[PDB]
C-alpha cells in the first residue's frame, strides 16, 4: 500500500527532487551554520561578506564570511537561481531582480539583485526563521506575557474561556512579535473534538491537541481567498487563518457576517483601533466591496471581532481588547 503509493508518485517525486536536491545543497553550502544556530528569528546577507543573524532577544550579530567560497557571486547567484526555480519563478538582473520564495523546509526568502541593489557585487538575502518550538500557554503566563496589563487575570480567563466558547479572536503586532507562536499556544483551549482548518503561506501551525483537521496553503496561482472559499465547504468548526494580508480581508469579513463557529487569525497592526482600520482598508481593496460604506466596514468589524491581542516588540501583550 505504501508500495503502490511510491510508484504512483514516482514521476512527481522525481520532478520535485530535481529542484529540492540542488537547493537543499546550496542552502547547506551557504547558510548551514546559521540555520543550525538556536533562538534566531532572521538570517540576512547584505552583499558585503557579512551574515547578520537576528536573535530572539532582539540583538543583531554579524559573522565574517569573506573567506567562504560560498559567498561568491557565482555561488550566491546559483543559490538565488535554485531558490527561484523551486517555486516556479525566475530571478535575473533585468525584469526579475526581486524574489520572494522559500527554502526546502518552507522558510521565507527575499532575494534582491542589481540594479535594485547598490551595485552588481551586491546581493541581498533575508530568511525568516519560524519558531521551532510549540510553547504551552502556561509558559506565556510564567514569562509574564500578560504582565503589562491592568486586567491581567481577567484577560488570561478571557482568552481561555473566549477560545473554548468559539469567539472571533485576532492577534496583531509587528513582524517578529510572536503572533504565530501565540496562536499555536492558545489552540490548547479549542476542544479536542472540534474540526480545525488552517490557511497559511507556509507550514507553521502544529496540531498537538486535535486529531481531526486539514491544512490549506496558498501559493502561486492559488490565493488565500481560494483557500478560504474551499475551507467553508469542508465543514470546519474552527478556521485558523494565520495572516490577513490583502484582498481576502473582505471574504473573512463576510464569514463573520454569517456568524461562523470560531475564527482565529493574525494581522500586522499597532493597536486595537488600528486593527479595525487595517481590516477596513484591506477589505476595501477587494472590488466586491466597491459600493460599501468604509465606516460601515469598520463598524462591521467592531460588531463581529470579540477579542484583539496586541504584542509590542518586546514580545509582551500591551493591549487586550475585549468586546
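Positions refer to the first chain, counted from 1.
Asker: If you average the CA temperature factors as listed in the entry, which stretch comes out higher, 291 to 299 or 250 to 258?
Answerer: For C-alpha atoms only, the mean B-factor is higher in 291 to 299.
Asker: When the C-alpha temperature factors are averaged for each of 187 to 195 and 145 to 153, which stretch ends up with the higher value in the entry?
Answerer: Looking at the recorded C-alpha B-factors, 145 to 153 comes out higher on average.
Asker: Among 110, 221, 105, 114, where is the Cα B factor highest in this entry?
Answerer: The record points to 221.
Asker: Among the choices 269, 280, 26, 43, identify the one whose CA B-factor in the record is greatest.
Answerer: Top of the list by C-alpha B-factor: 280.
Asker: For the chain shown, is the CA B-factor of residue 48 in the lowest, middle or highest third of its modelled residues?
Answerer: According to the entry, residue 48 has a C-alpha B-factor in the chain's lowest third.
Asker: Thinking about Cα B factors across the chain, which third does residue 173 belong to?
Answerer: Its C-alpha B-factor belongs to the middle third of this chain's values.
Asker: Taking the entry's C-alpha B-factors for this chain, is residue 162 in the lowest, middle or highest third?
Answerer: Answer is highest: the recorded C-alpha B-factor places it there.
Asker: By the recorded C-alpha temperature factor, relative to the other modelled residues in its chain, which third is residue 243 in?
Answerer: Residue 243: CA B-factor falls in the highest third of its chain.
Asker: Can you tell me whether residue 134 has a C-alpha B-factor in the lowest, middle or highest third compared with the other modelled residues of the same chain?
Answerer: Tercile = highest for this residue's CA B-factor.
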